[PDB]
Chemist: 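Below is the structure I would like to discuss, written out as structure tokens.
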Amino acid sequence: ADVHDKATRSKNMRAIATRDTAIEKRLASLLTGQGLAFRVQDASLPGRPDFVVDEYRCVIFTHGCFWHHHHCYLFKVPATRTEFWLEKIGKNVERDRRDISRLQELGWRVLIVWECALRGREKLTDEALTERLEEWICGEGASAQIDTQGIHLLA
DNA sequence: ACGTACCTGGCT
DNA sequence: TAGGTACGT
Ligand SMILES: [Mg+2]
Ligand SMILES: [Mg+2]
Ligand SMILES: [Zn+2]
């Protein structure tokens, strides 16, 4: 049951950007503070990486917990048009996996930064984020993800 | 003003 | 591909 009326829910949905979202803005700011001259929204790479760091041959995705189905407190299965959302979100999850595989096949190290780690009552501190980012980017560690519990290598 | 909880279409 | 709105602070 939606907390908005049709018109309002439509307005809310129309306001959602496809780049330069809240989580992308905070990550950009963190990377800029670190002195990294990164690129963004690379339509030439699989999944159009949110961020690209050529200098360390790595890319970074900022995942919205709803859109990418993170199994965290931010995600709830829609109670309206459930079938539609389950298929759409399910397809997003499958595409996310494929994108990561392709990038790796191209020689790119991938880092996933979940939204809950960037905003919300469980978000990591600026210091904690900056440290984990700098260590992962500048290091040679394989693909990983950052959630509220810190950083972890991808399966 | 601001942080969080509650919710789940639009635009290329 | 979050972010509008209601609420408590
Ligand atoms: Mg993107
Ligand atoms: Mg993203
Ligand atoms: Zn999450």
Side-chain angles (χ1 to χ4, degrees), chain A residues 1-33 36 38-54 58-106 108-133 136-137 143-152 154-155:
Chain A
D2 203 358
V3 290
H4 292 305
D5 61 351
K6 160 168 218 177
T8 298
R9 160 61 58 190
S10 283
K11 160 187 220 172
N12 197 154
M13 280 345 239
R14 280 204 306 294
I16 301 163
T18 57
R19 40 170 313 159
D20 298 309
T21 45
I23 65 188
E24 280 188 35
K25 280 170 178 176
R26 161 139 201 238
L27 189 58
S29 163
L30 290 162
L31 298 170
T32 295
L36 300 168
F38 64 83
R39 280 190 298 118
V40 301
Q41 281 323 116
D42 199 335
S44 84
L45 299 173
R48 160 140 80 191
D50 293 330
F51 299 86
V52 181
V53 190
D54 298 292
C58 65
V59 306
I60 312 185
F61 284 101
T62 43
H63 277 6
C65 306
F66 172 64
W67 307 106
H68 302 273
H69 189 184
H70 195 203
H71 295 232
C72 76
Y73 82 96
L74 285 180
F75 182 92
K76 280 334 242 191
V77 168
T80 300
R81 280 171 80 214
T82 310
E83 280 67 52
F84 169 88
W85 287 104
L86 290 168
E87 160 160 3
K88 160 108 146 220
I89 292 144
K91 280 176 178 171
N92 287 354
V93 178
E94 160 188 72
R95 160 172 351 105
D96 288 347
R97 280 213 306 303
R98 160 196 109 202
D99 291 331
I100 287 158
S101 301
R102 280 160 87 213
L103 281 158
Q104 280 166 356
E105 280 155 65
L106 291 160
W108 290 98
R109 280 185 312 128
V110 184
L111 177 68
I112 302 292
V113 182
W114 293 96
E115 160 186 26
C116 52
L118 299 163
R119 41 113 27 131
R121 40 142 174 123
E122 280 330 274
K123 40 146 188 308
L124 296 180
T125 67
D126 266 8
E127 280 69 35
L129 284 166
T130 290
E131 160 219 309
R132 280 148 177 74
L133 282 166
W136 183 90
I137 293 153
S143 303
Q145 40 175 357
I146 297 169
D147 47 40
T148 61
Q149 280 321 294
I151 186 154
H152 334 276
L154 289 169

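Residue numbering restarts at 1 for every chain, and letters A, B, ... go by the order of the sequence lines. Scope of the values below: all heavy atoms of this structure, side chains included, with no hydrogens, waters or symmetry mates.
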Chemist: In this structure, are over 12 heavy atoms from other groups packed under 6.0 Å from A:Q149 atom CD?
Modeler: no
Chemist: Is A:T62 touching bases, backbone alone, or none of the nucleic acid, heavy atoms closer than 4.0 Å?
Modeler: sugar-phosphate
Chemist: In whole angstrom, give the distance that lies between atom CZ of A:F75 and atom P of C:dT1.
Modeler: 15 Å
Chemist: Please state how far atom NZ in A:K123 lies from atom P in C:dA2, giving the value in whole angstrom units.
Modeler: 16 Å
Chemist: So, north or south for the sugar of B:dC6, given that a negative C1'-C2'-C3'-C4' angle means south?
Modeler: south
Chemist: Set out, in order, the CA-CA distance, both residues' side-chain angles and the distance that settles salt bridge (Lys or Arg N to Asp or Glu O under 4.0 Å) for A:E94 and A:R98, then state yes or no.
Modeler: CA-CA 6 Å; A:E94 160 188 72; A:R98 160 196 109 202; over 6 Å; no
Chemist: I'd like a table of donor-acceptor pairs (distance under 3.5 Å, sequence neighbours excluded) in which one partner is a side-chain atom from residues 19-28 of chain A, with atom names and distances.
Modeler:
{"residue": "A:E24", "atom": "OE1", "partner": "A:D20", "partner atom": "N", "Å": "2.9"}
{"residue": "A:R26", "atom": "NE", "partner": "A:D126", "partner atom": "OD1", "Å": "3.4"}
{"residue": "A:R26", "atom": "NH1", "partner": "A:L118", "partner atom": "O", "Å": "2.6"}
{"residue": "A:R26", "atom": "NH2", "partner": "A:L124", "partner atom": "O", "Å": "3.3"}
{"residue": "A:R26", "atom": "NH2", "partner": "A:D126", "partner atom": "OD1", "Å": "2.6"}

Chemist: What do you reckon, are the aromatic ring centroids of A:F75 and A:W114 less than 6.0 Å apart?
Modeler: no
Chemist: Less than 4.0 angstrom between a side-chain N/O of A:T21 and OP1 or OP2 of C:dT1, yes or no?
Modeler: no
Chemist: Collect all protein-nucleotide pairs involving nucleotides 7-9 of chain C in which both atoms are nitrogen or oxygen and the distance is under 3.5 Å.
Modeler:
none

Chemist: Is it the case that more than 12 heavy atoms not belonging to A:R48 sit under 6.0 Å from its CZ atom?
Modeler: no
Chemist: Classify every nucleotide of nucleotides 6-12 of chain B by which part a protein heavy atom approaches to under 4.0 Å, writing B for the base, S for the sugar-phosphate alone and - for neither, in 5'-to-3' order.
Modeler: BBBBBS-
Chemist: Do the side-chain N and O atoms of A:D50 and A:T62 include a donor-acceptor pair separated by under 3.5 angstrom?
Modeler: yes
Chemist: Would you tell me whether A:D147 and A:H70 have side-chain atoms, one donor and one acceptor, within less than 3.5 Å of each other?
Modeler: no
Chemist: Checking contacts here: which listed nucleotide (C:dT5, C:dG3, C:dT1) is nearest the side-chain heavy atoms of A:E24?
Modeler: C:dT1
Chemist: Considering only atom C1', compute the distance from B:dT12 to C:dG4 and round it to an integer number of Å.
Modeler: 23 Å
Chemist: Angle between ring planes, A:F51 versus A:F38, binned at 30° and 60°: parallel, tilted or perpendicular?
Modeler: perpendicular
